[PDB]
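To start, the structure under review is shown below, and the notes come after it.
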Amino acid sequence: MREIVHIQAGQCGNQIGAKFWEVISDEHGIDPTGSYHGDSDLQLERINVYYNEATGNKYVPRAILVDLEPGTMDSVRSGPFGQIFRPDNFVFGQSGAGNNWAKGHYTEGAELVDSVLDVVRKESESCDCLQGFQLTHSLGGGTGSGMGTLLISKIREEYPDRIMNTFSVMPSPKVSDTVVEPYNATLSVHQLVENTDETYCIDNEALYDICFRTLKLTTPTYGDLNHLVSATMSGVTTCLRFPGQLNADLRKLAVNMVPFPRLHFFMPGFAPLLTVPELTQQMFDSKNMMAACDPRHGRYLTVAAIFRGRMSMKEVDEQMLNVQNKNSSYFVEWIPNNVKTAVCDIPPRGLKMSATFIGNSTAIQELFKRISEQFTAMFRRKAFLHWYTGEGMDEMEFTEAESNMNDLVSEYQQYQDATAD
Amino acid sequence: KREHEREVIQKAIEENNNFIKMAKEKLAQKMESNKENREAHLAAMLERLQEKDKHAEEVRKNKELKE
Amino acid sequence: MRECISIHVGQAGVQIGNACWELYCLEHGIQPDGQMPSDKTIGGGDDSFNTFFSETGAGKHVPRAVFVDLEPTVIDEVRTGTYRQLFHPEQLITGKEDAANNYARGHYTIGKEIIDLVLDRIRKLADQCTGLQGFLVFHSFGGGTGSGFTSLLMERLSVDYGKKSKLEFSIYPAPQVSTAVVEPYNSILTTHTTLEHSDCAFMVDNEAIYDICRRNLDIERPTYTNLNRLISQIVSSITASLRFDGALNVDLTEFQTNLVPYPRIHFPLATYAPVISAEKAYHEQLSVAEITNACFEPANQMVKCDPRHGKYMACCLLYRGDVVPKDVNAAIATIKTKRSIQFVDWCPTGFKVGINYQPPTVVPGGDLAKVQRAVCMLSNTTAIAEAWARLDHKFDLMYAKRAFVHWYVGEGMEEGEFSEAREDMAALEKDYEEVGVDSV
Ligand SMILES: Nc1nc2c(ncn2[C@@H]2O[C@H](COP(=O)(O)OP(=O)(O)OP(=O)(O)O)[C@@H](O)[C@H]2O)c(=O)[nH]1
Ligand SMILES: Nc1nc2c(ncn2[C@@H]2O[C@H](COP(=O)(O)OP(=O)(O)O)[C@@H](O)[C@H]2O)c(=O)[nH]1
Ligand SMILES: CCOc1ccc(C2=Nn3c(nnc3-c3ccccc3OC)SC2)cc1
Ligand SMILES: [Ca+2]
Ligand SMILES: [Mg+2]
Ligand SMILES: [Mg+2]
C-alpha cells in the first residue's frame, strides 16, 4: 500500500535506472514480459511498492523515463526488460541539453517539464498511500543535472509533504565527458540541499577505483561501474521491497538518518565486490565505499546497514557492537545508538551473503571540497561561461551556488568537531 | 455540619469539572497552535518554490533579450 | 460489573495485546472462536471473567478492547490471526500512514484524523458496561503512534470520562532492541503529557525482559514473541484480581491505594517469578519461599534499576497458584532479615499480600514452564528514578545540538514543547528525591 514513484532522467540516469529494475525484477521473480514466475510469497507481499498490478496479473514498474534525446531511451526499449515499462511514461525530447545545466533547468527542460508532471500526477492518483519520489540522475550532465533538479522543485510544489529521495551521480575527471562538469555539479548541489530529504552520493571516482584496483579492470567500461550501482541500489531498498520485523518506508528512513535537514547526503557501501566478521570488516572499509571519502578522516552521525543471506542473528549483533567499541572515536557521542542493522533472509542473485552500507559521515565533505576546488579553478578565470550566460543566467547565481556549497562543508565541519561536554 | 457536607461534595464536583475544563482548553490550544505552525511551514516552503519560478521566468526573459 | 476496557496503541500495544488476550482465553478457557463451555449463563452474567469479556447471544465471549494503529500492517495480522473470530471488526481500527517514529505526527498530524473515530468505538464499549471501573492502555514510550497517539488519546479520555482510572503499560526503550533513533524524544514527550492524565503506569524495560529471556530461558536472540509472552504473564497476574475471585483475593485498586502516595509518583517496579525453562523445571519444585526471594533480585525486574540503592514506599505481593498464607508469612519473615529492604520513615514497612488460587497458564509452544505457583511483586521504590536518569541523559545529548528536532518542528511542534517537557522530567526526578529524604 506504500507506493513509490520512480523517475529517471539523463543519459546516466536512465541507464542506472534500467539496471535497477532488471535486478529487482529477478529478486521478485518478474520476467521482461511483466509476469510472475517466482517461488516465494515474500516477493509479492510488498510488490506494490514499485510495481502496479494491471490486467492479466501484470506487474508494470512505476517508473517514468525522462530525457531530452531519444538516443538513450531507445536502448532501454530494445534492451532486456524493455517491454515491461508503460509506453505512455516515455517522455523524451529532441533538442537535447548538450551537457548544459542552464538548458536543462531553465531553457529546454522547462519546455518539457509540464509534460512530465502529467505522467507523475497519473501515477500518484493510483496510489493508496504515496511515500515519495526517488530520482536517478547524474550531476555532471545537462538533462539529468539541470532538468533533474528542475523536476524536484516542481514536484515539491504539488507534493510538499512527500519525501524526496535521489540517487545523484557525482562526476569525476577519471570518467569525464566534458570540461564543464564541475559547473553542472555545483549548480545541482545548490538545488539538492534545498529540495531533497535524502540523497545517495554515487561518486564515479569511487566506482572507477574499485573496478580498477580491486576488481582488476584496466579499462573500466560504463557497464562495470553500473554493476556496482545496481547492487548498491538493490541493497538500500531491500527492506523497502521485502517484508520483515521492521516496517520500512522512505520517511522513517529520512527521520532516522537526517539529524539536520541540510546534511542529508549519505555514503553508500557494499560487500563483497566468506563469514560474518569478514563481511562486516569489509563493509566499513574505505575501499568498499561508493563515495571517495575515507570514513576515518571524519566522524559518523547516523549509520544503517543490511545483511542479506542466511546467517546467525547472534553473530551479526556481535560484530556490529564489535566495530563500534573498537572504533568509538569515529562516532559522535551526542547521538546515542546511532548505528542500526537489520537482516534479510533473501540474498542477492549470485551471492551466499552480502552487506549494503549507508552512512551519514562528516567525511563526506571531501567529496564537496573536490568539486568546489574544480569549480573555483575554472570560475576564477571565467572559463566556459558563455554556455550558461547565453541562456539567460548571470555570475550572481554561480556565486550563490558556490557559497551555499561552501557553507555545507563548514556545517559538516561544525558537527564533526562538536563534543559532548 | 450539614452545610459542611454540602461544601465538600460540591467542591469535588467543581474540581473535577475544572480538570475537564482546563484539559479541554490545553488540548485545543496545542491543536490550534500546531495547525497554524504546520501551515506556516508549508506556506513558507511553497513561497521559496514560487520564488524559483519567478527567477526561472527572468532567466528565459533575459535570454529573450539577447536574441 | 466493574469492567475494564483495554486499549492497545501502536505495533507494541497490539502485539502485546495479542499475547495478553491469548493468555486470558487460556486461563479462562475460551476457544479462539469465542465459545466458553464452562460458562452456562448465556447472554451475559455477573461473573469475574465478565470484566474483560462481554457476552453475546451466540455464546461468543467478546473481549472489551480496542486495537488502534496508524498503519494496518500490524493489526491486519490480527484480522487473519488465530483469534480473528474473537474480535468484532469495529474494534480493530487502522489508518493508512504511520507516524514514522514521530511524536508530532502521532499526536497531531496523522492522529487527528482517527482520534474521533477511536473514541466513538471506545464509547460504544462504555455504553455496554453496567459500571465502568477504568481503562487499560498498552503502548510504547518511543513509537510515534505509541507515544504520540497515546498522549492524544489519554487527554481525550480524561475529558469524555472525567477522572475515571486509566492505567498504563508503557514499554521502556532499549538499545539492544531499539526500533529507531529519537526514542528518548518520543519518550520524554509522551511521559510529560500523559503524566497528569494517568493514575498508575507500569513500566517495562525491553532490556530487562531481553536479559531475562537470555538468562532464564536460555534464548540467544529472543524475538518479540518471546518477550510479549513473558510480559503477558505479568499483566495476567496484575489483572488476576479483576478476572478471578477468591477469599484471599484482593482487588487491584486496593493495591493501587498503597502504590500511589502522590499523584506524580505512579510508577511501580514490577517483578515476576519464577521464570524458568521446561528443561530446568523438570524434577525441581520451586516452593513459595524460593519464588519470593527471586522477587528481591534486580536480575528479574521489569525495569533495570537498583532498589538497594533506593528506598521503598510500598511493597505488594500478588501470589497465584497453590499458595498458602502460612508459607507467605514464613517467607517474608526470612526475607526481611536477609535483604536490603529500607522503607522511608513516613510509611509502614509491612507487605501487602494477595493470593489467587487459579494456577498460572502457559502458551502452548511457549518457552515458559507450567509451574504450580507464581508471584508478581509491585513495589513502589525511589530507585525507579534511575530509569528516568538513563533516558534523560540520552535526551540531553541530542537536544544539546538540536539533532532530529527539525522533524518535530516541521510537523507543527515548537522547541518550547521540548524545553517544557524536559524541565518537567527534571522535576519528576527531583520529586523522587524529595520522597526519599527522611523527615525533620
Ligand atoms: N516489548 C516489546 N516492544 C515492542 C514490540 N513492538 C514494538 N515495541 C517497541 O515499540 C517501539 C517502536 O514503536 P512501535 O510499537 O514498533 O510502533 P509505533 O508505536 O506505532 O510507532 P510508529 O512507527 O511511529 O507507528 C520500539 O522501540 C519497541 O521497543 C513488542 O512486540 N514487544
Ligand atoms: N555510472 C555511470 N555514469 C555515467 C554514465 N553515463 C554518464 N555518466 C556520468 O555522467 C556525466 C555526464 O552526464 P550525462 O550522461 O552526459 O548527462 P545528460 O547529458 O544530461 O544525460 C559524466 O561525468 C559521467 O561520469 C553511465 O552509464 N554510468
Ligand atoms: C542511525 C539511526 O538508527 C536508525 C533507525 C531506523 C532506521 C530504518 N531503516 N531503513 C528504512 N528504510 N531503509 C532503511 C535502511 C537503509 C540502509 C541500511 C539499513 C536499513 O534498515 C534496514 S526505515 C527506518 C535506520 C537507522
Ligand atoms: Ca455467561
Ligand atoms: Mg553525455
Ligand atoms: Mg509501528
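Identifiers in this document derive from the order of the C-alpha cells: chains are assigned A, B, ..., residues are numbered from 1 separately in each chain, and ligands are numbered from 1 in order of occurrence.
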
For chain C, report every residue with an atom at most 6 Å from chain A (counting only C-alpha atoms), formatted as a PyMOL selection string. chain C and resi 100+181+397-398+403-404

Just want the residues within 9 Å of ligand 5, written as JSON, numbers by chain, counting only C-alpha atoms and all ligand atoms. {"A": [10, 11, 12, 98, 99, 140, 141, 142, 177, 178]}

What are the residues of chain B lining chain A at 8 Å or less? Count only C-alpha atoms, and put the answer as a PyMOL selection string. chain B and resi 42+45-46+49+56+58-64+66

If the cut-off is 8 Å, can you tell me the residues of chain C near chain B, counting only C-alpha atoms? I'd like them as JSON, numbers by chain. {"C": [108, 155, 156, 158, 159, 162, 163, 410, 411, 412, 413]}

Separation of CA of residue 187 in chain C from CA of residue 236 in chain C, in Å and rounded to one decimal: 25.1 Å

Work out how far apart CA of residue 165 in chain C and CA of residue 135 in chain C are and give it in Å to one decimal. 6.4 Å
